[PDB]
Each structure stands twice: as C-alpha cells, then as structure tokens.
Amino acid sequence: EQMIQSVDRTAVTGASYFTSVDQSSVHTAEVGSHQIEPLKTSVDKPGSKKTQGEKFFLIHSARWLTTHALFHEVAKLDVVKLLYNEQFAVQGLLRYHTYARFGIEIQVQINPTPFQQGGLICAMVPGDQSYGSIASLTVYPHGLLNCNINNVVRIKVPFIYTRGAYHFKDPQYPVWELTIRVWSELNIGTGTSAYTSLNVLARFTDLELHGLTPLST
Amino acid sequence: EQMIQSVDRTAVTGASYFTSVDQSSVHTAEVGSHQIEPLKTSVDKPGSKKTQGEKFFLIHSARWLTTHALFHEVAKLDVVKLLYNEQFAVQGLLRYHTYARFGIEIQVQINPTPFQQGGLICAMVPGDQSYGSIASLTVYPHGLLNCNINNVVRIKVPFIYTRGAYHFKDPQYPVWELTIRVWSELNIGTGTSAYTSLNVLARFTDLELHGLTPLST
Amino acid sequence: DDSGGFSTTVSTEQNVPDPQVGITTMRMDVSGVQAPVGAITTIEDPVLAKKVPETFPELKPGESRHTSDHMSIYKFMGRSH
Amino acid sequence: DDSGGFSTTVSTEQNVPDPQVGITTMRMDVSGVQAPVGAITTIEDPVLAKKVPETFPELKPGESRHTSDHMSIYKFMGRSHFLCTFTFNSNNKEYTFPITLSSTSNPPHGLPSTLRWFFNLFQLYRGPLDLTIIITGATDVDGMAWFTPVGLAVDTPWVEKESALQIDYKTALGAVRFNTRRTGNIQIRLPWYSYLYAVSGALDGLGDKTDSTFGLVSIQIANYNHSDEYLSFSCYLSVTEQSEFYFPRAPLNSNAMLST
Amino acid sequence: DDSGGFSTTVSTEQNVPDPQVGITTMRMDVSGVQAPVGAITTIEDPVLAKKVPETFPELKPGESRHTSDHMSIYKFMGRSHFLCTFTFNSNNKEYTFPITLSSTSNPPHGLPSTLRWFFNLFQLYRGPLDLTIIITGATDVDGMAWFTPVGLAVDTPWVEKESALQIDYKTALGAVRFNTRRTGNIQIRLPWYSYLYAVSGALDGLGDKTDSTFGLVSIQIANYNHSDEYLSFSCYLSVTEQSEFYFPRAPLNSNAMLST
C-alpha cells in the first residue's frame, strides 16, 4: 500500500525580522540560483554597512581670523546632531533605525601659511564644557594644531554616554560636543591673508543598529 | 650617537572609499577600544544589509471581484519601480547607490472563503507580455492560486536582465513585470461576499551595490 | 542559509531545461501491474508537479529509425531563414 | 582591520589612567652621564608625548616613610563630606531633598563645597553610596526615613510639608524607624537602583532633570509637638569601593565652587 | 494503572512551579536560520502549550550585573510590611487584634496594603512568622504582650479595654515584658501552633471565621497614668524561609486593594 502524497496544509516562512504562518501553503518555486558572472561589472568592494556608514563625511567648517581673542570660541559643534540630516546618503541608515551606538573618529585640518603663526586646540568633550574651566581642556583627548609643525590631527574616541545607546528622534543630550578654541591668537604680517580656513571630518566605528521602524516618517 | 626622534611630515590615511594625503601629519590618538558590555541593550541581531534590505515589504494590493471576465487583468505591477519610493526604510540603501543587482522572491496571498470558487495565476515575466499570447503564461515561473487548496504561493527568481545591473535614476525598462490574471472567474453564492482581497510581498536576495553618490539628491 | 531564507517546508526547482532528448531511444516494459499512483496529483507545489506522469500500461516505445535529430535547437536553426 | 581603518602611520594611545602609584617608593641612580635625550621633544603625536620626561641628573627619590597612602581615590573619599542640612518648625511634617549631581544646581539647594567640586571631575559614575545623617537637639523624637528611587511618585524637593503618600506606599519601599533618644546617628548604604547605565553630573538643560539625580530621600518626624527645643539635621556622604568611575573630565573653575 | 485510569492519549502536566530562575544569566546564539516552528501552535493540549516559545532571531540575553536576586519569594518577603497601628487614651488597658488572612475583612480592621494583596496569591500557607512592633512617644511606660493561639479563651478583637484573664492565665502562655524606655522596638518569631494542616485566606462565610486566623495577639500597658504624651504603635511582618507555600491562585482585582 503506497500512500498518495499528502498536501501540506501548514507551513511557516520567515526572513530577517519577519514571520508568516500560512494554511494555503505549498513548496517554494526556485529557478536557477545565485551566480557569479566572471566578467565583473564594477570591481569595487560591493556596498555594505562597512561600505557606507563607515566612511568619512565633511561636517562643518569655519574660517579663523585674527580678531578672535584668547579662547574666543571659533567652533562649537555637535557630532551627532549634524550627521543626521537630509544631505547625506548615510542618512539612510539611521533614519530607519531607532537605536544606534558607535565609536567616533575625527579629522581636523587647516593650512596656515608658514609666515602666519598661532595655534588651535581640538577637544572632544562629552556633554558640555559646562563650568569646567577652560584651562584644562588638554585633559580630554585632543591634539594641538600648530602653524609650525602639524597641519593635521586625528582623534579617536569609543562610545561614552550615560544610557544604553543614543536615540535620534528624541536625543536626551548631545553625546560628543566638539569644541575648538583659539589657543594662541593669529598674528600676521602685512599683506598676508589675515584669515585661514578650518575643516572637520568624522566617521562611525563598530556601528551597530537596532529597532527598524517606519515611524521616522 | 642616539638620534632624536624625527617628525613625520608625510603620512597617508584612508577609509571605505576615501583617501587623504597629509603633510601636517602625526600619529593618531586612541582612547580605549571596541567593547562588549555583557548586559545587552537589545538582543536582536544587530542591523546590517542582511538585516534591512533582505526583509519583506508589502507592495501592492487590489480586491478581486466577480465582474472580471476571463483574463481580465486584475494586477499589472512592477517589482522595482514600486520599491524605490519614499515610504520605506529600505529606500535608504538604494537612494545612495547608482547600480544594484539582486534576486527577487515573491509572496502572494488571498483568502477565498471556501464557498467561493475560482482561480488566479501569478506569472513573473521580465520585460513585458508584449504580444506573447496569454495562453502560455505557465511557461514562466508561476503558481496557481486555487480557492480549493492553496491559499498562498511563493515564487523565486534570480537576476535576469540585458545589461550589467539595474539603474534607478534612469531605468532602461522595468526588469520584472509582475502580472496577475483571472484564471477562472469568481462565481459566488447568494449573500456571500462577492469580493476578495489580494496581497503581494517581495524581498531582495544577494543584494549587491555599487557607486555611492549624492547626486540622487 | 547565508542568504537568510528561513523556512519549514522544502525548497525546490521548476522547469529545468532540456529534461529529455528529442529522439526516441533507449539512452523491459515501462509500467504496469505495479501501481499507477502518479495519475492523481495536485499541480501546484512543483514537487508533485515534478512527479513522472503515469496513466495506463505502456511499452517502451521502440526506437527512432534515423539518427538525424531535429529537436536540438542548433540542428534546427542551422537551416537559414 | 575588520573595522576598516586604513593608515600608514602608527596608531597609539593617550592618557592611560593610573600610570603610576601615588606613594613614593621602589616598586642604582636614575639618569646621568648617559644621555638627556627626552628633554627636547614635540608635544603632539602622543608617541613623543609618551616618552619619559628627563632633564637633569637625578637620584632615586628615596622612600615614603608611611604606608598610609592618600592618593588612591577610595582611601581619599572614604572620609565623608558635608551634604545638606536643615531644620523643622513643626510637628508631624516631612522634608525631602534630592541627591543630584547637577553642577548647574547651586546650593543652598544642590551639592555644596567639596562634593560639588568632586563629581565634576569625571563623566560617568555608578555603584552604591553611603548616606549618614546626624541629629541634634530635643530627644525622644521619632522619625522614619524612606528612600525613593528616581521617577517614582514623590513629593516636592526642598520642602517641609506633610505627605499625601500611603504609609504603606512609603514603608514598603524599605525604611528605618529610629528614636532621637537612643542613638541619634545613622549609617546606611544607599542601594544602586536605576534604569540608567550610570549617572553623570556634567549636563545641561533637559537631561539634567534626569540623568543627574541619583535618587531621592525623604525624612518625616513625629511627636515633636512641643514647638520648643530646636531640632536640626546634617547629612554626610562617602563612597565604598564597590562603586567605580569612568573617563576623567576637566575640573571646575574657581567661580563654580561654593560653600556654606 | 492501579488508579484505574484508562486512556489512549498521552497524560501530561501543567504549570510546574519555578520553571526558571529570575536573574538573567547562563546557568552560542539562541535560535535562528534553523526553524521558527514553535511560533504557530494550539493553546489547549498542554503538550503544545509546553513547547518553548520562539518567534524571531535572538541573542543570548547577556548577563545580569548584580547577584542580589529579587524574584525569589523569600528574598522579597524578607522586607517587612505594614500591618496595623493604633493608640491609647488610658492607663492599664489592653488592646487585642487578630492576625487574619481574611480577604473579606476590610481594613482599618483587616490586612491593609501589600499584605492584603499578598496572601491572596495562593491557597495554602504554613509555618512561622516574624512579628515586629514599634513604639512611640512617652517613655518609662511598661507593657506585656502575650500571644494567644486560635480558639482559646480571648477577649474581643479590635478593642481597647481591661481584661478579665488571670494574670497567670496570661503569662503562662509565654510573654515578653519590656520598657518603652530602654529599647522600644521588638523582633520576635511567632510560633506555628495550630490544629490546622495550614491556613488560608481565600474563604467565605462560615470557614472564614476559622481557617483564616493565624492566631491572636494582645498588648497591655501599665503606668501610662498621666494622660498626656500620646502613645501609639505600629506592627510589621515578614516571613522566614522555614515557612512554605502551596498552589498559586489568581491575584486580586483593583478594587480589592485598600491602603491607609
């Protein structure tokens, strides 16, 4: 007695975070399979989280002048609040996620012409300076822009914050405030450009996500 | 004769697709490192391409009636052109990429009350039906929605198209047109609902990307 | 599954090209007095579609006489148009 | 690098905590007639920052005499500090005060003196605390002091008044009832109960309403009825070692340190 | 089956107590890319009920940080709770109150607040208890507090009056005499003396007069003679581990929880 084949009434599918439970069910219909067509269309590393979010972004820039006095703040910036924004394609990743955590890495650049002189100071301070005295900023991770020698610095911080992970729609308070001050005022010759540019870069590290959701829209 | 340490004038950084070449340079300042804080905030698989793009999406739906005649097309749909859209968070991935290629998998669902009767046919046709006669649609990958037995079907296609990979801003022509027809008309009792719903699902597979770019904005 | 496909039910294939050779040949009797089970089956889940059709008693259908084989696409399209 | 960092130049570290031990000891002469090379160096790339400073001839600086070692944070903070103090004009009323690291909060309502100066040195804090209180004046007065976690229903801070809370709703929170007579002083370890990973006092505006509050403490008195005899209180804090610390900050300016 | 049960289908169990430990720990990843089969199941035949729930991908949920573990009944109920309180207008009078699990009994006379909510969770209870009391106000007042088992001759509950009992008949029952002066607080372990297998608070009508009463406690004061100075009392309970529990019930509705 060979039994005839039994129709499968109940079967379960699933993907990513998703689930279905189906009573009409039946087997799935494939054709072909994954393929590698050995003449490659575009030979860059294929896109992925590694590809996208990890990359650098120009963030904020301001020119730096002579008339700034000691510790006149040239730059009060926020890491996070600026990244999240319409202007990037990294925007995509966050805007669909509620919770994220990450490390930060920063580049800072200027181009003093060697006839100029002065120095700048880059401090990465969580929260805010608050009433913490100016003088001590070097305690924080930092580098010293110096017209003489270094034209560039690189700072790297891992995650520091009081809760589990940051939340974009309703940030408690900005994680990393990026402060920049006039460390030694710019003194110039005569006819030299009395100004000089300043730029900033950023990228996430070990970026992790949670909580997909449309509600961002 | 112990030489004093030499300042490093020239050093090169890089990340993702990015590159810098810097003459102000110096070493990078770390603090700490990557960490795992063993009481875990949210225990889902952390987000990634796997997480996001691979998931299902509700796409299109239409009700199906009696008055439809034989082969009256209930559903003429496009896979791609609908996905790319503001309404999703998968939108994020593409909108920053020029070129993409991928496999497709489809779900289709209805709920005929067993007193109703009829059948539907789901065909995945690249390009268009064009003048290809109706009769033969079963040649294509397909399943048969049948009020009697199966309430569900699942179709899976890998990539088929005439160029290297699809391009969103300027699609040549839609890759996968999804056609649905009235295979055997709906005949009803008296007082039974004369209509029934129809829904569709999709997800990418082996999704690969290329060509980050702002120009989408 | 690296590709993430979850499922309970079997995943399979459909419409594999060139399942059989055009010419009739032996690449015994076929089926009888054993069971004609494949006669009744459901046409959806390709598994049951991929069963071999069987209906009545049969005999192995002999042999083609000629080797020239017309149902291979090439040998056909060789003739111009 | 799985994390994708590309670079030509060396990657390094900066500001490693507790590089050296406070007490002076041997854990020979130091340096001379060999080379004073580290004298001249550039201060940016932390490599050259992490070189050992060297200038003149030296001698190994002998030995501390005493073992008691004051520069370990714990052994320091073991000594308590003032916290807050107040009085009562009435019988059968309750006073509450928050314990809040807010640096913005300025005493008489807020952390005064040392503590104010203290908790602005570092971003994160967590763990248990030691609350003590001390009583003065009239005796055979009774009190109950309950501890209320952050955010749960609580009557106003910095106020002397009678509560609306169910005595149940109070006592079940855990409590200590005591007589001004017999002892009058108290030492109890505050628990660590928070939905926060940690708490921090360097904050501004919105969050300072929240992450800055370690929790609340309320005290109510009874049978003080006779108005005379002048009760008053005092409260002191110190931190056990089961608490920890994270990530130094810059210290406060002169103008931020008040005292009473 | 000696008990005679015939059946074709499997016989099984349901609702096994303490299936898992409260603290989160490891006593790998959890489930994924294998099958989420348990998602769909029928809720009746406990077999399918006893399947492990599974829905999405998961990760082993890390670790609790602290060892102190609050979901074991004992460690919870260690913390005492309010019980009852009252006063005295007079000298040389006695007040008695029953200790009764009756849920029907509504405070001020009955179990208030948490305890009321508490003992309706489970049918049976047995074992020792911990009675504490606390005193307030005038000092050099004396008292004696005797414990009376269920059913033996006892003066009325919820009443402040002088007793007719032989001082002998009192004291031999076991007693504690004490001075409001020296200490004022007391912790003593109630014995378990009953002719009942256990006691239970979910009851109605006739039996509630009986099985609901763990026992009686009376307190009498002396030398309060001078009417002034306002004595008052308070009483707290908690349960040692030598007591046990049985057979859960459903918890009370909102409208059954009162407090004072």
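Calculation criteria
- Residues numbered from 1 in each chain as written, not as in the entry; some residues may be left out.
- Chains lettered and ligands numbered in written order.
- Part of a larger assembly, values for the part shown.
- Heavy atoms only, no water.
- Contact = heavy atoms within 4.5 Å.
- Buried area = accessible area lost by both parts, 1.4 Å probe.
- Salt bridge = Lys/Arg side-chain N within 4 Å of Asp/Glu carboxyl O.
- Polar contact = N/O pair within 3.5 Å; in protein donor to acceptor, adjacent residues only side chain to side chain.
- Helix = DSSP H or I, 4+ residues; strand = E, 2+ residues; numbered from the N terminus.
- Buried < 20%, exposed > 50% of the residue type's maximum accessible area, 1.4 Å probe, protein only.
- Nonpolar A, V, L, I, M, F, W, Y, C, P; charged D, E, K, R; others polar.
- Least-squares fit on C-alpha atoms.

The deposited coordinates, according to the entry record, derive from cryo-EM at 4.2 Å resolution.

(A) Region of interest: the interface of chain B and chain C. Taken together, the contacts link 12 residues of chain B with eight residues of chain C. When chain B packs against chain C, close to 690 Å² is buried across both sides, 40% of that on carbon and sulfur atoms. Considering only the surface of chain B that becomes buried against chain C, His142(B), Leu144(B) and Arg203(B) emerge as the three largest contributors, covering 35% of it. One salt bridge in this structure joins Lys50(B) and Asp2(C), with 3.9 Å as the shortest N-O distance. Counting across the interface, chain B meets chain C through three residue pairs in polar contact. Looking at the side of chain B that touches chain C, the elements that each hand over two or more residues are β8 (142–146) and β12 (198–212) of chain B.

(B) Representation of the pattern of salt bridges in the model. Residue and element names in this part refer to chain D. Summed over the entire model, instances satisfying the criterion amount to 23 salt bridges over all chains. For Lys161, the salt bridge goes to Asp155, with nearest N and O atoms at 3.4 Å. On the basis of relative accessible area, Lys161 is assigned to the partly exposed category, the value being 24%. Judged by its relative accessible area of 18%, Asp155 is buried.

(C) The interface of chain A and chain B, seen in detail. Opposite the 62 residues of chain A that make contact, chain B presents 62 residues. Together, the buried faces of chain A and chain B total about 5,400 Å²; carbon and sulfur atoms form 57% of this surface. Among the residues of chain A in contact with chain B, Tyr17(A), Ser24(A) and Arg154(A) are the three that bury the most area, contributing 14% of the side total. Of all the secondary structure elements, the ones that give two or more residues to the side of chain A that touches chain B are β2 (19–22), β3 (28–30), α2 (91–95), β6 (97–110), β9 (152–157) and β12 (198–212) of chain A. Per element, the largest residue contribution to the side of chain A that touches chain B is six residues, and it comes from β12(A). Taken together, the residues that form the side of chain A that touches chain B break down as 22 nonpolar, 26 polar and 14 charged.

(D) Spotlight on the relation of the copies chain A and chain B. For the match of chain A to chain B, the screw axis carries a shift of 0.0 Å, the RMSD comes to 0.0 Å, and the turn is 180°. As the rotation angle and translation indicate, the two copies are arranged about a two-fold axis. Measuring from the rotation axis to each C-alpha of chain A, the shortest distance belongs to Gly92(A), at 2.0 Å.

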